[PDB]
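Step one of this worksheet: look at the structure below.
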2 protein chains.
Amino acid sequence: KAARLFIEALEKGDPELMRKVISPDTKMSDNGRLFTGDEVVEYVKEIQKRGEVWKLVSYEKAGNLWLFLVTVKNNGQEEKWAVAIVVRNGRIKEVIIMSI
Amino acid sequence: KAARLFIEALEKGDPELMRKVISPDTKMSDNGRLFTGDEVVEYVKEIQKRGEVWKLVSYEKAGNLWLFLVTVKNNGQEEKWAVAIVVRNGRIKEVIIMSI
Ligand SMILES: [Zn+2]
Ligand SMILES: [Zn+2]
């Protein structure tokens, strides 16, 4: 459930949805930039502010680890990103977003 | 340490190195194919048997989560793959290998 909500929050640029699956100790690396806790919710506000369109293309899963391939669109420009998450107790604990 | 050994085992096609950082409950998904425990060591034997050349290009990290971008070469053919790992207690617990 948490994993689906994570994707929907990005795809819809919905910070309040992302708040539901984040914890204060959620750790995220966005291409080397570190964000913790509510900073992850702010990351999503920035998606919405910019008008970024995220689309899930495909994913795999092993236990509590998920790996997503997504495209991000911004100003007629489409690019591929890999997004890795660890889920525990209905919360996203760690997140990595990396440019391909 | 475990994370570096994981990469070196792939890059060098060394099953015995991979044995050092795997546990019996290590779970791996290789593009939807599930491997557990010693099956991960056998995955590396298959790399070496085939003559596959893996090269780490870049990586990021958030807590115990690592995400690697690697190229794999095989028969004059080079392709990009994303490799996500979770490390705990010096062991790889979960692994995902996904084609880009
Ligand atoms: Zn979608
Ligand atoms: Zn290397």
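Every chain is numbered from 1 and lettered A, B, ... according to where its sequence line falls, protein lines coming before strand lines.
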### Task
With B/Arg4 as the cation and B/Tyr59 as the aromatic partner, state whether NZ or CZ is under 6.0 Å from the six-membered ring centre and within 45° of the axis.
yes

Expected list for residues 29-36 of chain A: side-chain donor-acceptor pairs under 3.5 angstrom, two or more places apart:
{"from": "A/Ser29", "atom 1": "OG", "to": "A/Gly32", "atom 2": "N", "distance (Å)": "3.4"}
{"from": "A/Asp30", "atom 1": "OD2", "to": "A/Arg33", "atom 2": "NE", "distance (Å)": "3.4"}
{"from": "A/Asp30", "atom 1": "OD2", "to": "A/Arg33", "atom 2": "NH2", "distance (Å)": "2.5"}
{"from": "A/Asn31", "atom 1": "OD1", "to": "A/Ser99", "atom 2": "N", "distance (Å)": "3.3"}

### Message
Tell me whether A/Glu42 is salt-bridged to A/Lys45, with the criterion being a basic N under 4.0 Å from an acidic carboxylate O.
### Response
yes

### Message
Quick test of your reading of the model: are A/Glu46 and A/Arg50 salt-bridged, counting only N-O distances below 4.0 Å?
### Response
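The answer is yes: the pair qualifies as a salt bridge.
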
#### Entry: Which atoms of A/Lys93 approach chain B - backbone, side chain, both or neither, heavy atom under 4.5 Å
neither

### Task
Check each atom of A/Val95 against the heavy atoms of chain B and say whether the ones under 4.5 Å are side chain, backbone, both or neither.
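Just its backbone gets close to chain B.
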
### Query
Taking every heavy-atom pair that is under 4.5 Å apart, which of A/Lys27, A/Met28, A/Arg88 has the most such pairs with chain B?
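Greatest number of close heavy-atom pairs with chain B: A/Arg88.
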
### Message
I'd like to know which of B/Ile97, B/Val86, B/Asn64 tops the heavy-atom pair count under 4.5 Å against chain A.
### Response
B/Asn64

### Message
Counting heavy-atom pairs under 4.5 Å with chain A, which one of B/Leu69, B/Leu67, B/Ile100 comes out on top?
### Response
B/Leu67

### Task
Mind checking the CE-OG1 spacing from B/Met18 to B/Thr26? Nearest 0.5 Å is all I need.
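Spacing of CE (B/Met18) from OG1 (B/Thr26) equals 9.5 Å.
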
